[PDB]
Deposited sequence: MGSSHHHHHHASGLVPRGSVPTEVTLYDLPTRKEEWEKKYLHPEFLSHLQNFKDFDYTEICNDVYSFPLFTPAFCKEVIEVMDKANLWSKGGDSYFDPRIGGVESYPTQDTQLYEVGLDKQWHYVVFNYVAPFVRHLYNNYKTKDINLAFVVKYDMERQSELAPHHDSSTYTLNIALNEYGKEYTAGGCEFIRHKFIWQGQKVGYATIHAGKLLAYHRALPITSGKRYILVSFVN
C-alpha cells in the first residue's frame, strides 16, 4: 500500500491516491481545469485528495515536533522535503506557468504545516515569489472562523475545501494576514516558493 513517502518511486499509485482527480486529469491541459480566481491574481483550485490531507495531519500529530509563535512543523522535520520538492517542480510548476504567464519556478524556500488551535497574526508580505496554502481539514466540521484577509484586495477568503490550494504572490501585491479560528483546529500546508 502506497504511502506519502513513495514519491516518485511509486509515482503512478501516489498520484491516484494523493493528487486530486480534477488536477491530475488536467496536467497537460489546464485551460479546462476548474479553478477559481477568488480575487485579482489569487486562485483557488483542487490539488490533493482527502487521504493526502488526513495522512499529512497524522504524520504531524504523531511527530509532535510543533514549535513552542505560530504552531508549525517543517516538512523536512518529518522527512517529506524531497517528496514536496517533486510535487512543486513536477505538478505545481506547470500550473504556475499556466496561471502566471510562463513564470519559471526556481527553488523552494520553506514548506511547513501550520496547526491553529485554541491554546495557540499581523499583516505582512511573504518571503516568496508565490505562496501555496492548502486546506488540510474541513471548515465548519472541525473549526470555525479562520481564513485569510487579502488586505490590498479588500477580500477575506474563508471556508476552503479540503485538499484545495490557494496560490498568491508572496511580495508587493498580496499583503495579507491570517485570521484566527474561534473553535476547533485548523491545519494548513504552506510553502514559500521562489
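| field | Ranges missing from the model, given as deposited sequence positions | value | Those stretches are 1-22, 91-106, 159-161, listed in order.
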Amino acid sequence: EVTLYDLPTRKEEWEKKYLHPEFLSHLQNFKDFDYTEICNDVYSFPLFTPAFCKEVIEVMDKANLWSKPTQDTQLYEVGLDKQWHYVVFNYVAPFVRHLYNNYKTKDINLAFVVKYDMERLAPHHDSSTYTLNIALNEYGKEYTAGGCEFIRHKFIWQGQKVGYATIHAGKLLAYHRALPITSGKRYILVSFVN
From here on, numbers count along this sequence of modelled residues.
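| field | Mean C-alpha B-factor comparison - 30-38 and 135-143, higher one | value | If you average the C-alpha B-factors of 135-143 and of 30-38, the larger mean comes out for 30-38.
| query | Out of 147-155 and 39-47, which one has CA B-factors that are higher on average in the deposited record? | reply | It is 147-155 that shows the higher mean C-alpha B-factor.
| field | Which of 118, 92, 75, 114 ranks first by CA B-factor in the deposited coordinates | value | By C-alpha B-factor in the record, 118 ranks first.
| field | Identity of residue with top Cα B-factor, from 11, 185, 171, 176 | value | Max CA B-factor in the entry, restricted to 11, 185, 171, 176: 11.
| query | Which third of the chain does residue 70 land in by C-alpha B-factor: lowest, middle or highest? | reply | Tercile = highest for this residue's CA B-factor.
| Thinking about Cα B factors across the chain, which third does residue 54 belong to? | Its C-alpha B-factor, which the entry lists for residue 54, ranks in the lowest third among residues of this chain.
| task | Name the third of the chain's ranked CA B-factors that contains residue 104, choosing lowest, middle or highest. | result | Ranked within chain, residue 104 CA B lands in the highest tercile.
| request: Consider only the C-alpha atoms of the modelled residues in this chain, order them by B-factor as the entry records it, and name the third containing residue 124: lowest, middle or highest. | output: Answer is highest: the recorded C-alpha B-factor places it there.
| query | Compared with the other modelled residues in the chain, in which third is the CA B-factor of residue 190? | reply | Its C-alpha B-factor, which the entry lists for residue 190, ranks in the lowest third among residues of this chain.
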